[PDB]
Amino acid sequence: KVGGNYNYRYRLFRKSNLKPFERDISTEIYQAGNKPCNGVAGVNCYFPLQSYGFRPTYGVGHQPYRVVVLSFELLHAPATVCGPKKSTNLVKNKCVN
Amino acid sequence: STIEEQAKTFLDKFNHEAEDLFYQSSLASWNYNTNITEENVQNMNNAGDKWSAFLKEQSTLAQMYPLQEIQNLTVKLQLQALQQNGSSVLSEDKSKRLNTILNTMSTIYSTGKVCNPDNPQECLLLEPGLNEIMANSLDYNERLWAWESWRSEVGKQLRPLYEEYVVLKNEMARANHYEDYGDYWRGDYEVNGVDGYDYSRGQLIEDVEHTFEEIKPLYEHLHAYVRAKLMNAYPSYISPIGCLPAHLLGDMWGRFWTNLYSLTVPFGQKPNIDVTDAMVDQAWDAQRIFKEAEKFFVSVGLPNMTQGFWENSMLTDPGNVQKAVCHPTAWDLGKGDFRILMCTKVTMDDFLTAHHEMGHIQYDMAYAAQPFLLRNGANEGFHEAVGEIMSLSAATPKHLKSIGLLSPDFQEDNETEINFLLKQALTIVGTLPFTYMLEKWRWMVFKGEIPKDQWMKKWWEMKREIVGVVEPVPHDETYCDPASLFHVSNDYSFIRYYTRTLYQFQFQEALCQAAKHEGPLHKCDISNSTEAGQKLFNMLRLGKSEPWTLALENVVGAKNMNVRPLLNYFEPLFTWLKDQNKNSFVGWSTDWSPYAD
Ligand SMILES: *[C@@H]1O[C@H](CO)[C@@H](O[C@@H]2O[C@H](CO)[C@@H](O)[C@H](O)[C@H]2NC(C)=O)[C@H](O)[C@H]1NC(C)=O
Ligand SMILES: *[C@@H]1O[C@H](CO)[C@@H](O[C@@H]2O[C@H](CO)[C@@H](O)[C@H](O)[C@H]2NC(C)=O)[C@H](O)[C@H]1NC(C)=O
Ligand SMILES: *[C@@H]1O[C@H](CO)[C@@H](O[C@@H]2O[C@H](CO)[C@@H](O)[C@H](O)[C@H]2NC(C)=O)[C@H](O)[C@H]1NC(C)=O
Ligand SMILES: *[C@@H]1O[C@H](CO)[C@@H](O[C@@H]2O[C@H](CO)[C@@H](O)[C@H](O)[C@H]2NC(C)=O)[C@H](O)[C@H]1NC(C)=O
Ligand SMILES: *[C@@H]1O[C@H](CO)[C@@H](O[C@@H]2O[C@H](CO)[C@@H](O)[C@H](O)[C@H]2NC(C)=O)[C@H](O)[C@H]1NC(C)=O
Ligand SMILES: *[C@@H]1O[C@H](CO)[C@@H](O)[C@H](O)[C@H]1NC(C)=O
């Protein structure tokens, strides 16, 4: 967006790393010091979600990218999604396999 | 806990907020520079004021992490470049007075008007004016007038303001734990605690005065040659043993002797190489120039341009009435956005300015991965020392004939190499004594060695001793000749132009030995060589991460600046001058004066 698209954010401060396929949406104020701040930003107390400032006159490697990760698993159910089976023509009156 | 670990998460948020606001400010400034209107001056100082307050508050917040308990080097170097108070350590009224003085000093220089004693209705500005009278005129009294009138009209208003600016600057610098304002300036070449790469503030003076003692044997022969050549343009106005009148050197102050080339050309009718008819007969344009400047860096082993450089830069003057202040510049707006703004004409001077300006974009692309506060040259005189070697290499008569601008059957002889080397010496080695003497006077006057009643006395004593020029008109303690220069009345450091001139030839000799050059040094070319690109990129990519005395060690193999490559570049010219001054008197006497006769 010419002027900045601040709709996209991301997390910058977390106490401990995530787990595989875990998702956090907390908006609690991170604390980098030794004093509590009671959910108020200030010194040594940061808001954990910063924003991307996407503008069109950026450089490749700073421009937005849409990502779609796929994941397959086969737990215990003896049928589900699988791709297409192709079928050719059909002849008659001939010994065929 | 662990105060060192809170600084890391503080510089973790700064490096993003600053990187977001700086881009806004830079883009708002670009939009004004490339297109001047009435609101693009408003929404550019709006962003400037919004970016300055951010930094002024982030420094207050960063004053909480003591530089002692820190142990890393990058976080220490980032906090140490953010904790600086600068001003706002004075009082409020004293800061107001300092700002008023600084804003009143530059408009006496910008709007100076010198009037003709015979026709005082119309007068002359400096630039379209005295700056061309002092350049082309060959009359003695006309130059004397254009010199004295400017030094006496804009030379006596700056004195009672400079007297107070000195005091206020010293008072500010001593509140930041320095000892004067000269030390504050020298505290840019300072490196502390790296165990083998230290450099104190008091060593810059010693190194400068130690390297200047080896340039004197060449500056003396050049001075004698130029004196004997000037004795024929203004006969009976120059003594054959004395100094040179300070208003015949080619410009207002004598900073460059380059305008003395029409009088002191070594070999007669032998025009030096100038590819400007070949360009216009081969139909080049402002696109082919940059496309040929980029292929050079791609051959030397450096990346391409970012394809956002091609569709966002402005390299042509806008034909219509879309007035833009175009002075060749390389912008680094951030977030991977590099642009170049220059009014390109089809001349070889623009052909070399393109290489110069792209040598800045390459440096900027190199260190673009550093933190925000570490994206700069290793020190003051690096970002231009890097740009100048490219233009040194792109102008050789061997890179020109392999680019399609110089006929193959062209044969060069020494009678034109001498011309090229002398034209180079009038610009390179002609300004070193001036730079050194000016920045020595300034340091001594800031430290308190020169009392306020002996300013012009010591100024002209040093002008006669070090650089060897004498004033035509006596000057009492009502004048201020140093403040008649743009960099003195506008509060700029003036020593980067001395160290750059040495770093340049150090880099050139270090690189073009990795290219396996054979002949003289002034013929070196680093094209089609990757051992030079890969040796330069190992310094270009650091930025301010490591000390400048370690960035120097990477390229040249030495830990300090050296004047031996600068003397090895001018060895043919030196050998020619030496056995050409056998009938002259090498040196000057500091007793002659053009007024006491
Ligand atoms: C240079 O600046 C002027 C003043 O801002 C521009 O003039 C207008 O700019 C707006 C900006 O979007 C346009 O929508 C208008 O059409 C412009 N009007 C005119 C008469 O120019 C001008 O466009 C700017 N130059 C360029 C090349 O954009
Ligand atoms: C503090 O200094 C250490 C080195 O003493 C830095 O460690 C390097 O960090 C970078 C990432 O920024 C890694 O790519 C390097 O591999 C690390 N060094 C080594 C030897 O592995 C550390 O980054 C510094 N602190 C900060 C906040 O940058
Ligand atoms: C920058 O200025 C600040 C204050 O403007 C300095 O912090 C104060 O320094 C004084 C003298 O050392 C102390 O008495 C105060 O306790 C400090 N804190 C305050 C006033 O909040 C700071 O030291 C200066 N920075 C540098 C590098 O000198
Ligand atoms: C350029 O080189 C030529 C030879 O390559 C020089 O010509 C000779 O110069 C020496 C120097 O005294 C004379 O003794 C010879 O007599 C010259 N040759 C001839 C054929 O006369 C010339 O001097 C050089 N020019 C410069 C400026 O160095
Ligand atoms: C740098 O290398 C290029 C590529 O080898 C040189 O261009 C060649 O020059 C020769 C001699 O003029 C030609 O026969 C080839 O056709 C050229 N090839 C291409 C792809 O252009 C160039 O001359 C070299 N420049 C220097 C200064 O050595
Ligand atoms: C640089 O750009 C030119 C465009 O002519 C291209 O041919 C070349 O492959 C590019 N080099 C790199 C390293 O991308």
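Calculation notes
Residues numbered from 1 in each chain as written, not as in the entry; some residues may be left out. Chains lettered and ligands numbered in written order. Part of a larger assembly, values for the part shown. Heavy atoms only, no water. Helix = DSSP H or I, 4+ residues; strand = E, 2+ residues; numbered from the N terminus. Rg over C-alpha atoms; globule rule 2.2 N^0.38 Å. Contact = heavy atoms within 4.5 Å. Areas by Shrake-Rupley, 256 points an atom, 1.4 Å probe, with all protein chains shown as cover. Salt bridge = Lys/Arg side-chain N within 4 Å of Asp/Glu carboxyl O. Buried < 20%, exposed > 50% of the residue type's maximum accessible area, 1.4 Å probe, protein only. Disulfide = S-S within 2.5 Å. UniProt positions renumbered as here; feature names shortened; annotations may be inferred. Near = heavy atom within 4 Å. Polar contact = N/O pair within 3.5 Å; in protein donor to acceptor, adjacent residues only side chain to side chain. Nonpolar A, V, L, I, M, F, W, Y, C, P; charged D, E, K, R; others polar. Buried area = accessible area lost by both parts, 1.4 Å probe. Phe/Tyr/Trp six-rings, centres within 6.5 Å; stacked < 30°, edge-to-face > 60°. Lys NZ or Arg CZ within 6 Å of the ring centre and 35° of its normal.

- The deposited coordinates derive from cryo-EM, with the record listing a resolution of 2.8 Å.

### Comments concerning the overall build of chain A
- Looking only at helices and strands, one finds 0 helices and 4 strands in chain A.
- Reading the helices (α) and strands (β) of chain A from amino to carboxyl end gives β-β-β-β.
- Taken over C-alpha atoms, the radius of gyration comes to 26 Å for chain A, far larger than the 13 Å a tight globule of 97 residues would show.
- With respect to the principal axes defined by its C-alpha atoms, chain A has extents near 90 × 40 × 15 Å.
- Long-range contacts, defined here as pairs at least 24 residues apart, represent 50% of the contacts in chain A between residues at least 6 apart.
- Carbon together with sulfur atoms contributes 57% to the accessible area of chain A, which is approximately 9,200 Å² in total.

### What to know about the pattern of salt bridges
Residue and element names in this part refer to chain B.
- For the coordinates displayed, the defined rule picks out 27 salt bridges over all chains.
- Across the salt bridge formed by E19 and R375, the nearest N and O atoms sit 2.4 Å from each other. Residue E19 is found in helix α1 (residues 3-33), and its partner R375 is found in the loop between α13 (348-366) and α14 (383-393); the two are separated by 356 residues along the sequence.
- By relative accessible area, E19 is classed as buried at 19%.
- By relative accessible area, which is 23% here, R375 ends up partly exposed.
- The partner of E477 in a salt bridge is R159, with the nearest N and O atoms 2.8 Å apart. Of this pair, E477 sits in the loop between β6 (469-470) and α18 (486-489) while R159 is found in helix α7 (residues 159-175), placing the two residues 318 residues apart along the sequence.
- Residue classification places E477 among the partly exposed residues on the basis of a relative accessible area of 29%.
- Given a relative accessible area of 5%, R159 falls into the buried group.
- Linked by salt bridges that have partners in common, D183, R186, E190 and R201 make up one network.

### Remarks on unusual backbone geometry
Residue and element names in this part refer to chain B.
- With a phi close to 60°, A283 is a non-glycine residue in the positive phi region.
- Within the fold, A283 resides in the loop between α11 (277-281) and α12 (286-300).
- Note on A283: relative accessible area 60%, which makes it exposed.
- Even without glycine at this site, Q307 takes up a positive phi of about 70°.
- With respect to the helices, strands and loops of the structure, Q307 is situated in the loop between α12 and β4 (329-334).

### Some words on the state of the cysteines
Residue and element names in this part refer to chain B.
- The tally for this structure, following the rule as stated, stands at 4 disulfides over all chains.
- The disulfide bridge from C115 ends at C123, spanning 2.0 Å between sulfur atoms. For the disulfide bridge between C115 and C123, the dihedral angle about the S-S bond is near 80°, and by the sign convention the bridge is right-handed.
- Each sulfur of the disulfide joining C326 and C343 lies 2.0 Å from the other. For the disulfide bridge between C326 and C343, the dihedral angle about the S-S bond is near -100°, and by the sign convention the bridge is left-handed. Of this pair, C326 sits in the loop between α12 and β4 while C343 sits in the loop between β5 (337-341) and α13, and the two are 17 residues apart along the sequence.
- A relative accessible area of 30% places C326 in the partly exposed class.

### Quick look at the UniProt feature "binding site: Zn(2+)" in chain B
Residues and elements named next belong to chain B.
- As recorded in UniProt, the feature "binding site: Zn(2+)" lies at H356, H360 and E384. Annotated residues spanning 29 residues; largest pairwise C-alpha distance 8.6 Å, indicating a single compact cluster.
- By the element assignment, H356 lies in helix α13.
- Excluding residues that lie within four positions of it along the chain, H356 makes contacts with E384, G387 and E388.
- With respect to the helices and strands, the residue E384 is situated in helix α14.
- Residue class for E384 comes out partly exposed when judged on its relative accessible area of 31%.
- Other than its neighbours up to four places away in sequence, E384 contacts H356, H360 and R500.

### Overview of the site of ligand 1
Residues and elements named next belong to chain B.
- Close to ligand 1 lie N35, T37, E39 and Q322, which account for all nearby residues.
- For ligand 1, an oxygen atom lies 2.4 Å from a polar atom in the side chain of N35.
- Take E39: an N or O atom from its side chain is 2.5 Å from an oxygen atom of ligand 1.
- In isolation ligand 1 has 560 Å² of accessible area, and contact with the protein removes 22% of it.
- Here the shell around ligand 1 is composed, by residue class, of no nonpolar, 3 polar and 1 charged.

### A word on the interface of chain B and chain A
- Each side of the interface is counted separately: chain B has 17 residues, and chain A has 17 residues.
- Buried area between chain B and chain A, summed over both chains or domains, comes out near 1,500 Å², and the portion from carbon and sulfur atoms is 49%.
- At the junction of chain B and chain A, the tally comes to 1 salt bridge.
- Among the ionic pairs, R55 of chain A bridges to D20 of chain B, the shortest N-O distance being 3.4 Å.
- Joining chain B to chain A, the criterion identifies 7 residue pairs in polar contact.
- Where the side of chain B that touches chain A is concerned, the elements lending two or more residues are α1 and β5 of chain B.
- Tallying contributions element by element places α1 of chain B first for the side of chain B that touches chain A, with 9 residues.

### Structural notes on the site of ligand 2
Residue and element names in this part refer to chain B.
- Lining the immediate surroundings of ligand 2 are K8, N72 and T74.
- One of the side-chain nitrogen or oxygen atoms of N72 is found 2.4 Å away from an oxygen atom of ligand 2.
- For ligand 2, the protein covers 19% of the area, taking 570 Å² as the surface of the free molecule.

### Points about the environment of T396 of chain B
Residue and element names in this part refer to chain B.
- Topologically, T396 is positioned in the loop between α14 and α15 (414-428).
- For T396, a relative accessible area of 5% gives the class buried.
- On a C-alpha basis, the gap between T396 and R151 in space is 40 Å, while along the polypeptide they are 245 residues apart.
- Here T396 is in contact with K523, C524 and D525, once residues within four sequence places are set aside.

### Things to note about the packing of aromatic side chains
Residues and elements named next belong to chain B.
- Under the criterion given, the structure shown has 49 aromatic pairs over all chains.
- Look at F10 and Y65: their rings are 5.4 Å apart centre to centre, the planes differ by 50°, and that puts the pair in the tilted class. On the criterion of sequence distance, the pair formed by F10 in helix α1 and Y65 in the loop between α2 (42-62) and α3 (74-79) is long-range, its members being 55 residues apart.
- Overall, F10 belongs to the buried group, its relative accessible area being 4%.
- We classify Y65 as buried; its relative accessible area is 2%.
- Above the ring of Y479, the side-chain terminus of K156 is found at 4.2 Å from the ring centroid.
- Taking NZ or CZ as reference, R339 lies 5.2 Å from the ring centre of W30, over its face.

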